[PDB]
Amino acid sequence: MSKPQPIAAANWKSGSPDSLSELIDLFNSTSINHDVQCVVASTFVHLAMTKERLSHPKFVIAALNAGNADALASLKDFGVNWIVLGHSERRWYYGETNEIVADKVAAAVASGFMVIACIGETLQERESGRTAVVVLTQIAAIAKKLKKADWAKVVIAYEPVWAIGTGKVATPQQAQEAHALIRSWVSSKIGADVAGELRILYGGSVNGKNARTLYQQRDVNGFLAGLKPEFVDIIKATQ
């Protein structure tokens, strides 16, 4: 096994507690044959339901864009040990700076969390050839605030804004190129050991039909997707 352990993360940003409860029952009943870490991420308002209902041994709960020190402490005291930082989306919609996400990553790691940090370019950046510079600027800001040993707690997700909620998935070649670019930068600037163990996940219009062909790429280690019945097939795709 050359790739590190894959991750499949489902995000529940909104929706009925009753429809969530049903999806969690589906997941709790699903046998998963291979080594994969599955994650159900949700906003605070849905965490108490998820924590109460989810019981599968291959699943953990994560908080979506958790907030400040008080919020991290409230998560830790409730038993939630993963956070998802949706930086590529927040950079587009809100102008969140790269330095703000980097400080959030370091604060979460310092508080004992595993952190999925989502990085990625805009539509216009992609169109104009700015992808590599933009992505590398994001990973370098994150790295600035971490020590080498801290990378064991970090997962990077490549989430280009143009693929988020648009139905326009990155092609296998596009995902691979971006993921390789990130990994090679980590190898060069942090270390080859860290680069080899780093999980780089793809997010943005992943579904049950396109996930498997994405996973077959050398530098793809899993997925961020929505919490939907097809997520069962997204997990299978990480075999």
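Residues carry their position along the shown sequence, with the first being 1.
With 67 to 75 and 134 to 142 compared on mean CA B-factor from the PDB entry, the stretch scoring higher is 67 to 75. Mean CA B-factor, 166 to 174 versus 199 to 207: the higher value falls on 166 to 174.
The entry lists a Cα temperature factor for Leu214 that places it in the middle third of the chain's modelled residues.
In this PDB entry, the Cα temperature factor of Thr122 sits in the bottom third of its chain's modelled residues, the lowest group. Among all modelled residues in its chain, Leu181 ranks in the middle third by Cα B-factor. The PDB entry assigns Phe223 a C-alpha temperature factor belonging to the lowest third of its chain's modelled residues. In the PDB entry, a CA B factor belonging to the lowest third of its chain's modelled residues is recorded for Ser88.
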